[PDB]
Amino acid sequence: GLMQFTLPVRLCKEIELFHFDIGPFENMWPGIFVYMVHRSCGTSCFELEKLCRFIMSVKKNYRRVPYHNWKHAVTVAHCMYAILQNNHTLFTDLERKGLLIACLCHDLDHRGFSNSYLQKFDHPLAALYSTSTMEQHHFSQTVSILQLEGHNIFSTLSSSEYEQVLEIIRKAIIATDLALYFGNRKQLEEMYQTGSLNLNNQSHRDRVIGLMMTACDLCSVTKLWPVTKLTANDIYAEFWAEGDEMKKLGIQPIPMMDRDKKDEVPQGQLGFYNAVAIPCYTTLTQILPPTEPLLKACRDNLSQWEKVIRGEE
Ligand SMILES: CCOC(=O)NC(=S)Nc1cc(NC(=O)c2c(C(=O)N3CCC3)cnn2C)cc(C)n1
Ligand SMILES: [Mg+2]
Ligand SMILES: [Zn+2]
């Protein structure tokens, strides 16, 4: 109970920053996650033994895919950690508990294919969950792992506190379905500009947690340029595999996913930053002023993608 995790000095300091990269040493990522729960939540939120057992089962159930992998899980949790730490007082004891767990769990057992590929493949999971297919899977896998023996990290919550935190986690994971992001951000835009946004309204909180989830999920666009650029390679390695599988079903993939259309990457990054990333971090920064570094770093990387187009790299 007196066993504080500590990190080497450069990590200890850099981890507080939004643009922190968790590094290539996989064996340090569990320790980094625990460090963030202890600072974000307290050293008493979770029985350490149960937490460590939970983390290692969660890790085991991420697959060896180029992008939607255990490193993505921890990177997304670290972004949520930075948001929580820069907005100390806005979040309940329960949201702080739930949201680092949701982020760690948000892509459990991902295979590196979109909902669309499953629906066109006719994957069993598309019959069981008609919308937000993978995301209902990820939540389902989260509940499975919580119900393994010695894995209930929530065991000392009351029955209703338990139900609230599993409900925070379920909405949080559903919200990582980017198809849902657009409406969620539009509504947050109106609510904030007409002045009706009320953080005491549970349905409003829900939406603000969903936008945080999109922001943390997309945080590859908010890293220093060399991190952003090398991640883009992993992201496209999955996209191109999915395009290949689309061709195998006899379907021209969208060009984003076609590996014969690599030259169009820089212009597709512009679209994505313009239609998705910048609007996301904009609305987030309006709602949560201290998250501004995410917007500023996204705009830096947009400017780095325009330089790629101008043959300046
Ligand atoms: C209905 C489908 O229609 C459409 O194409 N809409 C849209 S969102 N297209 C789209 C999205 C891109 N996304 C990214 O590059 C990306 C992601 C991302 O989308 N995901 C989902 C898994 C992680 C995360 N980080 N980064 C850099 C790029 C281009 C060229 N196009
Ligand atoms: Mg996902
Ligand atoms: Zn994700």
# chains A, B, ... in the order shown; residues from 1 in each chain; ligands from 1
call {"tool": "residues_near_ligand", "arguments": {"ligand": "ligand 3", "cutoff": "12 Å", "atoms": "only C-alpha atoms and all ligand atoms", "output": "ChimeraX atom specification"}}
result
/A:62,67-77,79,102-114,134-135,138,172-178,213-220,235
call {"tool": "write_last_selection", "arguments": {"atoms": "N, CA and C atoms", "output": "tab-separated table (two decimals), in the first residue's frame"}}
result
chain	number	residue	atom	x	y	z
A	62	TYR	N	-5.34	-7.97	-26.81
A	62	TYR	CA	-4.99	-7.14	-27.99
A	62	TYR	C	-4.17	-8.05	-28.90
A	67	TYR	N	-1.56	-1.43	-35.97
A	67	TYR	CA	-1.96	-0.14	-35.35
A	67	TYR	C	-2.87	-0.34	-34.15
A	68	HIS	N	-3.99	-1.07	-34.28
A	68	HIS	CA	-5.00	-1.28	-33.22
A	68	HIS	C	-4.52	-2.33	-32.22
A	69	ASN	N	-3.42	-2.01	-31.59
A	69	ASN	CA	-2.62	-2.94	-30.74
A	69	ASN	C	-2.44	-2.36	-29.34
A	70	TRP	N	-1.75	-3.11	-28.52
A	70	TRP	CA	-1.66	-2.83	-27.09
A	70	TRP	C	-1.00	-1.44	-26.93
A	71	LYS	N	-0.05	-1.10	-27.79
A	71	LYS	CA	0.56	0.26	-27.72
A	71	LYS	C	-0.51	1.34	-27.96
A	72	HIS	N	-1.47	1.12	-28.87
A	72	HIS	CA	-2.56	2.10	-29.13
A	72	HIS	C	-3.37	2.24	-27.84
A	73	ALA	N	-3.63	1.13	-27.18
A	73	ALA	CA	-4.45	1.12	-25.95
A	73	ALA	C	-3.81	2.07	-24.93
A	74	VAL	N	-2.51	1.95	-24.74
A	74	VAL	CA	-1.82	2.70	-23.66
A	74	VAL	C	-1.66	4.15	-24.12
A	75	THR	N	-1.41	4.39	-25.39
A	75	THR	CA	-1.25	5.76	-25.95
A	75	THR	C	-2.58	6.50	-25.71
A	76	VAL	N	-3.73	5.84	-25.95
A	76	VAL	CA	-5.07	6.48	-25.83
A	76	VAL	C	-5.34	6.73	-24.35
A	77	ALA	N	-4.98	5.79	-23.47
A	77	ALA	CA	-5.09	6.00	-22.02
A	77	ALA	C	-4.21	7.18	-21.58
A	79	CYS	N	-3.34	9.85	-23.27
A	79	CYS	CA	-4.00	11.11	-23.66
A	79	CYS	C	-5.12	11.42	-22.67
A	102	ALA	N	-11.53	2.52	-19.58
A	102	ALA	CA	-12.24	2.45	-20.87
A	102	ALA	C	-11.21	2.57	-21.99
A	103	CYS	N	-10.30	3.49	-21.86
A	103	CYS	CA	-9.32	3.81	-22.90
A	103	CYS	C	-8.42	2.59	-23.12
A	104	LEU	N	-7.98	1.96	-22.02
A	104	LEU	CA	-7.10	0.78	-22.07
A	104	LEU	C	-7.85	-0.35	-22.79
A	105	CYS	N	-9.17	-0.39	-22.59
A	105	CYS	CA	-10.01	-1.48	-23.12
A	105	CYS	C	-10.63	-1.13	-24.46
A	106	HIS	N	-10.47	0.10	-24.95
A	106	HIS	CA	-11.43	0.58	-25.97
A	106	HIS	C	-11.31	-0.18	-27.30
A	107	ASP	N	-10.22	-0.86	-27.60
A	107	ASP	CA	-10.10	-1.60	-28.90
A	107	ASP	C	-9.74	-3.09	-28.68
A	108	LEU	N	-10.07	-3.62	-27.51
A	108	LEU	CA	-9.85	-5.05	-27.15
A	108	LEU	C	-10.23	-6.00	-28.29
A	109	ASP	N	-9.32	-6.90	-28.63
A	109	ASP	CA	-9.53	-7.98	-29.63
A	109	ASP	C	-9.86	-7.35	-30.98
A	110	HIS	N	-9.29	-6.20	-31.33
A	110	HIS	CA	-9.44	-5.63	-32.69
A	110	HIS	C	-8.62	-6.44	-33.69
A	111	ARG	N	-9.10	-6.56	-34.91
A	111	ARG	CA	-8.45	-7.42	-35.93
A	111	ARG	C	-7.86	-6.53	-37.02
A	112	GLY	N	-7.99	-5.21	-36.91
A	112	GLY	CA	-7.44	-4.27	-37.91
A	112	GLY	C	-8.36	-4.06	-39.10
A	113	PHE	N	-9.65	-4.36	-38.94
A	113	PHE	CA	-10.70	-4.09	-39.94
A	113	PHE	C	-11.82	-3.20	-39.39
A	114	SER	N	-12.30	-2.30	-40.24
A	114	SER	CA	-13.46	-1.42	-39.94
A	114	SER	C	-14.74	-2.25	-39.82
A	134	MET	N	-17.60	-3.33	-33.95
A	134	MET	CA	-16.38	-3.68	-33.18
A	134	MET	C	-16.50	-3.12	-31.77
A	135	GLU	N	-17.17	-2.00	-31.61
A	135	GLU	CA	-17.14	-1.24	-30.33
A	135	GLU	C	-17.98	-1.97	-29.27
A	138	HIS	N	-15.71	-4.67	-28.22
A	138	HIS	CA	-14.66	-4.26	-27.27
A	138	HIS	C	-15.26	-4.15	-25.88
A	172	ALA	N	-18.40	5.33	-23.16
A	172	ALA	CA	-17.05	5.77	-23.56
A	172	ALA	C	-16.56	4.90	-24.72
A	173	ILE	N	-16.74	3.59	-24.63
A	173	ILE	CA	-16.21	2.70	-25.72
A	173	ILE	C	-17.11	2.85	-26.94
A	174	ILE	N	-18.43	2.92	-26.78
A	174	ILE	CA	-19.33	3.09	-27.94
A	174	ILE	C	-18.92	4.36	-28.68
A	175	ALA	N	-18.51	5.41	-27.95
A	175	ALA	CA	-18.23	6.75	-28.51
A	175	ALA	C	-17.00	6.77	-29.43
A	176	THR	N	-16.13	5.78	-29.31
A	176	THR	CA	-14.93	5.66	-30.16
A	176	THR	C	-15.34	5.22	-31.56
A	177	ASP	N	-16.61	4.93	-31.81
A	177	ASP	CA	-17.13	4.64	-33.18
A	177	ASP	C	-17.13	5.98	-33.89
A	178	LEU	N	-16.19	6.20	-34.78
A	178	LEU	CA	-16.06	7.55	-35.39
A	178	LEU	C	-17.34	7.94	-36.18
A	213	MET	N	-13.14	10.99	-25.78
A	213	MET	CA	-12.79	9.64	-26.26
A	213	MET	C	-12.34	9.78	-27.70
A	214	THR	N	-13.08	10.52	-28.52
A	214	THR	CA	-12.63	10.72	-29.92
A	214	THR	C	-11.23	11.37	-29.89
A	215	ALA	N	-11.05	12.40	-29.06
A	215	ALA	CA	-9.79	13.17	-29.04
A	215	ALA	C	-8.65	12.23	-28.65
A	216	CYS	N	-8.85	11.43	-27.60
A	216	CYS	CA	-7.77	10.52	-27.13
A	216	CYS	C	-7.51	9.44	-28.20
A	217	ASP	N	-8.57	8.93	-28.76
A	217	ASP	CA	-8.47	7.93	-29.83
A	217	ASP	C	-7.70	8.48	-31.02
A	218	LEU	N	-7.76	9.78	-31.30
A	218	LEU	CA	-7.10	10.31	-32.53
A	218	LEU	C	-5.74	10.92	-32.18
A	219	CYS	N	-5.26	10.78	-30.94
A	219	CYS	CA	-4.13	11.58	-30.41
A	219	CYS	C	-2.83	11.32	-31.20
A	220	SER	N	-2.75	10.34	-32.08
A	220	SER	CA	-1.59	10.22	-33.01
A	220	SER	C	-1.39	11.55	-33.78
A	235	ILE	N	-1.03	3.05	-39.45
A	235	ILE	CA	-2.48	3.25	-39.68
A	235	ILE	C	-2.77	2.77	-41.11
call {"tool": "select_by_dssp", "arguments": {"residues": "range 40-186 of chain A", "states": "alpha helix (DSSP H)", "output": "PyMOL selection string"}}
result
chain A and resi 40+48-60+70-86+93-105+115-121+124-128+133-146+159-175+178-186
call {"tool": "write_last_selection", "arguments": {"atoms": "C-alpha atoms", "output": "compact mmCIF listing (two decimals), in the first residue's frame"}}
result
# COMPACT_ATOMS: atom_id res chain seq x y z
CA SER A 40 -5.07 10.41 -11.67
CA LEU A 48 -2.64 -3.47 -7.07
CA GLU A 49 -2.64 -7.32 -7.50
CA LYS A 50 -6.13 -7.22 -9.18
CA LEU A 51 -5.09 -4.22 -11.34
CA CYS A 52 -1.83 -5.88 -12.53
CA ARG A 53 -3.75 -9.12 -13.28
CA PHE A 54 -6.38 -7.03 -15.19
CA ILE A 55 -3.75 -5.11 -17.27
CA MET A 56 -1.96 -8.34 -18.24
CA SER A 57 -5.24 -10.03 -19.39
CA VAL A 58 -6.22 -6.87 -21.30
CA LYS A 59 -2.78 -6.88 -22.96
CA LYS A 60 -3.09 -10.62 -23.84
CA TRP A 70 -1.66 -2.83 -27.09
CA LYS A 71 0.56 0.26 -27.72
CA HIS A 72 -2.56 2.10 -29.13
CA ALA A 73 -4.45 1.12 -25.95
CA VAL A 74 -1.82 2.70 -23.66
CA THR A 75 -1.25 5.76 -25.95
CA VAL A 76 -5.07 6.48 -25.83
CA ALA A 77 -5.09 6.00 -22.02
CA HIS A 78 -2.14 8.42 -21.67
CA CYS A 79 -4.00 11.11 -23.66
CA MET A 80 -7.06 10.66 -21.35
CA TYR A 81 -4.64 10.93 -18.36
CA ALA A 82 -3.29 14.27 -19.63
CA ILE A 83 -6.90 15.60 -20.10
CA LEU A 84 -7.97 14.43 -16.62
CA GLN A 85 -4.83 15.93 -14.99
CA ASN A 86 -5.28 19.38 -16.70
CA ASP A 93 -14.15 9.86 -8.41
CA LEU A 94 -15.97 7.29 -10.66
CA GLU A 95 -15.23 8.93 -14.08
CA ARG A 96 -11.54 9.15 -13.17
CA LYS A 97 -11.59 5.31 -12.33
CA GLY A 98 -13.69 4.37 -15.39
CA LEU A 99 -12.16 6.44 -18.23
CA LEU A 100 -8.53 5.21 -17.97
CA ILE A 101 -9.96 1.65 -17.90
CA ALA A 102 -12.24 2.45 -20.87
CA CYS A 103 -9.32 3.81 -22.90
CA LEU A 104 -7.10 0.78 -22.07
CA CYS A 105 -10.01 -1.48 -23.12
CA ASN A 115 -17.13 -2.13 -39.11
CA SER A 116 -17.74 -1.79 -42.93
CA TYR A 117 -15.38 -4.66 -43.80
CA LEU A 118 -17.16 -6.93 -41.20
CA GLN A 119 -20.62 -5.99 -42.64
CA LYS A 120 -19.44 -6.67 -46.20
CA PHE A 121 -17.59 -9.88 -45.14
CA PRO A 124 -20.79 -13.17 -37.26
CA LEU A 125 -20.11 -10.02 -35.16
CA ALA A 126 -22.13 -7.98 -37.79
CA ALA A 127 -25.23 -10.21 -37.15
CA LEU A 128 -24.84 -9.93 -33.32
CA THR A 133 -20.02 -3.55 -34.43
CA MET A 134 -16.38 -3.68 -33.18
CA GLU A 135 -17.14 -1.24 -30.33
CA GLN A 136 -19.89 -3.45 -28.78
CA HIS A 137 -17.35 -6.27 -29.14
CA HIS A 138 -14.66 -4.26 -27.27
CA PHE A 139 -17.10 -3.51 -24.42
CA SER A 140 -18.19 -7.20 -24.38
CA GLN A 141 -14.52 -8.29 -24.11
CA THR A 142 -14.05 -5.72 -21.28
CA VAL A 143 -16.92 -7.25 -19.24
CA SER A 144 -15.52 -10.82 -19.93
CA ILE A 145 -12.13 -9.84 -18.50
CA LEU A 146 -13.70 -8.03 -15.47
CA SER A 159 -23.67 -2.38 -6.49
CA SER A 160 -24.95 0.97 -7.97
CA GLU A 161 -21.44 2.56 -8.15
CA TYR A 162 -20.38 -0.62 -10.07
CA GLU A 163 -23.34 -0.15 -12.49
CA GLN A 164 -22.54 3.59 -13.02
CA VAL A 165 -18.82 2.86 -13.77
CA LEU A 166 -19.70 -0.02 -16.25
CA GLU A 167 -22.17 2.44 -17.86
CA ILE A 168 -19.46 5.20 -18.08
CA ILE A 169 -17.15 2.58 -19.68
CA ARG A 170 -19.84 1.34 -22.16
CA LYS A 171 -20.78 4.86 -23.40
CA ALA A 172 -17.05 5.77 -23.56
CA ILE A 173 -16.21 2.70 -25.72
CA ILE A 174 -19.33 3.09 -27.94
CA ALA A 175 -18.23 6.75 -28.51
CA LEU A 178 -16.06 7.55 -35.39
CA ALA A 179 -19.42 7.32 -37.36
CA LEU A 180 -21.04 8.64 -34.13
CA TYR A 181 -18.39 11.41 -33.60
CA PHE A 182 -19.87 13.82 -36.22
CA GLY A 183 -23.33 14.26 -34.72
CA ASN A 184 -21.85 14.18 -31.22
CA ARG A 185 -19.52 17.10 -32.05
CA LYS A 186 -22.29 19.09 -33.98
call {"tool": "closest_residue", "arguments": {"among": "A:221, A:295, A:153, A:212", "to": "ligand 1", "atoms": "only C-alpha atoms and all ligand atoms"}}
result
A:221
call {"tool": "residues_around", "arguments": {"residues": "residue 31 in chain A", "least_positions_apart": "3", "cutoff": "9 Å", "atoms": "only C-alpha atoms", "output": "list in words"}}
result
residues 5, 6, 7, 27, 28, 34, 35 and 36 of chain A
call {"tool": "write_last_selection", "arguments": {"atoms": "N, CA, C and O atoms", "output": "short mmCIF file (atom, residue, chain, number, x, y, z; two decimals), in the first residue's frame"}}
result
data_model
loop_
_atom_site.label_atom_id
_atom_site.label_comp_id
_atom_site.auth_asym_id
_atom_site.auth_seq_id
_atom_site.Cartn_x
_atom_site.Cartn_y
_atom_site.Cartn_z
N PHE A 5 4.56 3.55 -7.72
CA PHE A 5 5.33 3.44 -8.98
C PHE A 5 6.03 4.78 -9.22
O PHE A 5 5.44 5.85 -8.90
N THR A 6 7.28 4.73 -9.68
CA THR A 6 8.01 5.95 -10.15
C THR A 6 8.63 5.67 -11.52
O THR A 6 8.83 4.50 -11.89
N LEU A 7 8.87 6.73 -12.25
CA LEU A 7 9.43 6.60 -13.60
C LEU A 7 10.76 7.32 -13.60
O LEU A 7 10.94 8.31 -12.88
N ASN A 27 7.61 -3.53 -22.17
CA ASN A 27 7.59 -4.05 -20.78
C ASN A 27 7.43 -2.87 -19.80
O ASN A 27 7.21 -3.10 -18.63
N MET A 28 7.55 -1.64 -20.26
CA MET A 28 7.36 -0.48 -19.36
C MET A 28 5.92 0.06 -19.43
O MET A 28 5.56 0.88 -18.57
N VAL A 34 -0.14 2.13 -14.68
CA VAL A 34 -0.39 2.10 -13.22
C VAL A 34 -0.02 3.47 -12.65
O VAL A 34 -0.81 4.08 -11.92
N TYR A 35 1.12 3.98 -13.07
CA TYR A 35 1.60 5.31 -12.63
C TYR A 35 0.50 6.33 -12.87
O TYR A 35 0.33 7.23 -12.05
N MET A 36 -0.17 6.23 -14.02
CA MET A 36 -1.20 7.23 -14.41
C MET A 36 -2.47 7.03 -13.56
O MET A 36 -3.02 8.01 -13.08
#
call {"tool": "atom_distance", "arguments": {"atom1": "CA of residue 208 in chain A", "atom2": "CA of residue 91 in chain A"}}
result
11.1 Å
call {"tool": "decode", "arguments": {"residues": "range 199-230 of chain A", "atoms": "N, CA and C atoms", "output": "mmCIF file, in the first residue's frame"}}
result
data_model
loop_
_atom_site.group_PDB
_atom_site.id
_atom_site.type_symbol
_atom_site.label_atom_id
_atom_site.label_comp_id
_atom_site.auth_asym_id
_atom_site.auth_seq_id
_atom_site.Cartn_x
_atom_site.Cartn_y
_atom_site.Cartn_z
ATOM 1 N N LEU A 199 -22.866 21.018 -17.566
ATOM 2 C CA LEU A 199 -22.061 19.839 -17.111
ATOM 3 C C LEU A 199 -22.762 19.130 -15.935
ATOM 4 N N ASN A 200 -23.854 19.670 -15.406
ATOM 5 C CA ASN A 200 -24.650 18.978 -14.348
ATOM 6 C C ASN A 200 -25.710 18.078 -15.010
ATOM 7 N N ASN A 201 -25.911 18.214 -16.307
ATOM 8 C CA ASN A 201 -26.841 17.380 -17.085
ATOM 9 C C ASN A 201 -26.088 16.096 -17.472
ATOM 10 N N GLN A 202 -26.445 14.952 -16.887
ATOM 11 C CA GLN A 202 -25.783 13.659 -17.207
ATOM 12 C C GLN A 202 -25.706 13.400 -18.726
ATOM 13 N N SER A 203 -26.713 13.737 -19.531
ATOM 14 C CA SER A 203 -26.693 13.474 -20.998
ATOM 15 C C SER A 203 -25.654 14.388 -21.658
ATOM 16 N N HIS A 204 -25.335 15.500 -21.017
ATOM 17 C CA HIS A 204 -24.385 16.505 -21.537
ATOM 18 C C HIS A 204 -22.975 16.021 -21.224
ATOM 19 N N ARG A 205 -22.738 15.651 -19.973
ATOM 20 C CA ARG A 205 -21.507 14.981 -19.542
ATOM 21 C C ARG A 205 -21.182 13.841 -20.500
ATOM 22 N N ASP A 206 -22.173 13.013 -20.785
ATOM 23 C CA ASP A 206 -22.004 11.823 -21.645
ATOM 24 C C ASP A 206 -21.329 12.263 -22.925
ATOM 25 N N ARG A 207 -21.874 13.305 -23.567
ATOM 26 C CA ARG A 207 -21.428 13.819 -24.889
ATOM 27 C C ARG A 207 -19.989 14.339 -24.787
ATOM 28 N N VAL A 208 -19.696 15.022 -23.685
ATOM 29 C CA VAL A 208 -18.368 15.648 -23.427
ATOM 30 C C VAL A 208 -17.371 14.492 -23.203
ATOM 31 N N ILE A 209 -17.791 13.425 -22.509
ATOM 32 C CA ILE A 209 -16.910 12.215 -22.383
ATOM 33 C C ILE A 209 -16.737 11.570 -23.773
ATOM 34 N N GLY A 210 -17.750 11.563 -24.599
ATOM 35 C CA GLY A 210 -17.594 10.986 -25.948
ATOM 36 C C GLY A 210 -16.621 11.773 -26.780
ATOM 37 N N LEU A 211 -16.603 13.094 -26.610
ATOM 38 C CA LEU A 211 -15.687 13.920 -27.439
ATOM 39 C C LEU A 211 -14.250 13.715 -26.934
ATOM 40 N N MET A 212 -14.064 13.615 -25.634
ATOM 41 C CA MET A 212 -12.756 13.289 -25.025
ATOM 42 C C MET A 212 -12.246 11.963 -25.602
ATOM 43 N N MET A 213 -13.141 10.986 -25.781
ATOM 44 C CA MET A 213 -12.787 9.641 -26.258
ATOM 45 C C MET A 213 -12.345 9.784 -27.700
ATOM 46 N N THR A 214 -13.081 10.524 -28.525
ATOM 47 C CA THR A 214 -12.634 10.721 -29.917
ATOM 48 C C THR A 214 -11.231 11.367 -29.887
ATOM 49 N N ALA A 215 -11.047 12.401 -29.061
ATOM 50 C CA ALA A 215 -9.786 13.172 -29.042
ATOM 51 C C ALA A 215 -8.655 12.230 -28.649
ATOM 52 N N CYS A 216 -8.850 11.428 -27.601
ATOM 53 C CA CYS A 216 -7.766 10.517 -27.131
ATOM 54 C C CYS A 216 -7.514 9.437 -28.197
ATOM 55 N N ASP A 217 -8.575 8.930 -28.764
ATOM 56 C CA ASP A 217 -8.470 7.925 -29.834
ATOM 57 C C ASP A 217 -7.701 8.484 -31.018
ATOM 58 N N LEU A 218 -7.759 9.781 -31.303
ATOM 59 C CA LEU A 218 -7.103 10.306 -32.534
ATOM 60 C C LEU A 218 -5.737 10.923 -32.180
ATOM 61 N N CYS A 219 -5.261 10.775 -30.941
ATOM 62 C CA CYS A 219 -4.127 11.584 -30.414
ATOM 63 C C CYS A 219 -2.826 11.318 -31.203
ATOM 64 N N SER A 220 -2.750 10.336 -32.084
ATOM 65 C CA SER A 220 -1.591 10.225 -33.006
ATOM 66 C C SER A 220 -1.386 11.548 -33.783
ATOM 67 N N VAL A 221 -2.461 12.289 -34.087
ATOM 68 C CA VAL A 221 -2.365 13.561 -34.852
ATOM 69 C C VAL A 221 -1.856 14.689 -33.950
ATOM 70 N N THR A 222 -1.612 14.462 -32.646
ATOM 71 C CA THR A 222 -1.278 15.550 -31.703
ATOM 72 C C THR A 222 0.119 15.349 -31.144
ATOM 73 N N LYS A 223 0.874 14.468 -31.776
ATOM 74 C CA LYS A 223 2.229 14.119 -31.313
ATOM 75 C C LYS A 223 3.193 15.030 -32.056
ATOM 76 N N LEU A 224 4.444 15.036 -31.628
ATOM 77 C CA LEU A 224 5.496 15.671 -32.452
ATOM 78 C C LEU A 224 5.567 14.976 -33.821
ATOM 79 N N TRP A 225 5.892 15.739 -34.860
ATOM 80 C CA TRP A 225 5.777 15.332 -36.284
ATOM 81 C C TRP A 225 6.392 13.953 -36.527
ATOM 82 N N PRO A 226 7.612 13.646 -36.045
ATOM 83 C CA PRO A 226 8.199 12.336 -36.348
ATOM 84 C C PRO A 226 7.335 11.178 -35.800
ATOM 85 N N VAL A 227 6.695 11.348 -34.630
ATOM 86 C CA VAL A 227 5.773 10.316 -34.055
ATOM 87 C C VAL A 227 4.529 10.192 -34.940
ATOM 88 N N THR A 228 3.949 11.306 -35.339
ATOM 89 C CA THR A 228 2.722 11.367 -36.178
ATOM 90 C C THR A 228 2.936 10.709 -37.520
ATOM 91 N N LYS A 229 4.044 11.051 -38.128
ATOM 92 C CA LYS A 229 4.372 10.503 -39.451
ATOM 93 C C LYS A 229 4.587 8.975 -39.356
ATOM 94 N N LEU A 230 5.299 8.460 -38.351
ATOM 95 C CA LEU A 230 5.627 7.012 -38.326
ATOM 96 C C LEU A 230 4.376 6.265 -37.928
#
